[PDB]
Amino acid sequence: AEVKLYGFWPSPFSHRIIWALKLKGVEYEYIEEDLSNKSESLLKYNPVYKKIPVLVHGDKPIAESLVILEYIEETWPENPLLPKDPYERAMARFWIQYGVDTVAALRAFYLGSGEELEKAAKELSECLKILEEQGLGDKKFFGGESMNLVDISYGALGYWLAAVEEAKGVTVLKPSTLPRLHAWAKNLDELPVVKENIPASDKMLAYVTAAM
């Protein structure tokens, strides 16, 4: 109500927006899209990309999850998900942009097989070690003592990557090699705002498996 969210159930890109809206207490109408039979509404609201998610606020559409998250932060500023200091805001945006590199590494791992899969697993691990060492550090959350937009952007490193790891038979994010990032991902997975708003583990696995 007031806000509509066009999504796809198994997509972390959609889950990101749900978490942000719940952290802001904003009520929304969720519309599930069939990506092989896209609604007329989705095609009208996101003509450029024809992708979910799309947030519609008072009949005006915002596409692209990272753009939507910034819009939510600016439109409902209470309970900030970005810091005030411009430098710390720039560091948040920097690590969100590093998410592009992370998604690419996740994608190569997702698609890898044989000695390719072992390559991509090693490269994903190296990508995550940089994120852990230079991004997260010794903080409980990327946002410090509470989640910020960076935590939301990387939350898929828990439930989603875990499902992919199971399907692939290879675990990359593990406590022995990434103790701080693994603890972060586990803690985020156990947070009610996340745990209540991701698919059941069995459904998530079933999905990634199929996709493969």
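Numbering starts at 1 and runs along the sequence shown.
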Which of the two stretches, 107 to 115 or 125 to 133, shows the higher mean Cα temperature factor in the record?
107 to 115
Assert higher mean C-alpha B factor (49 to 57 or 36 to 44, deposited values) equals 36 to 44
So where's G144 on the chain's Cα temperature factor ranking, which third?
middle
What third of its chain's C-alpha B-factors does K168 belong to: lowest, middle or highest?
highest
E74: which third of its chain by C-alpha temperature factor?
lowest
How does the C-alpha B factor of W184 compare with the rest of the chain: lowest, middle or highest third?
lowest
How does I68 rank on Cα B-factor within its chain, lowest, middle or highest third?
lowest
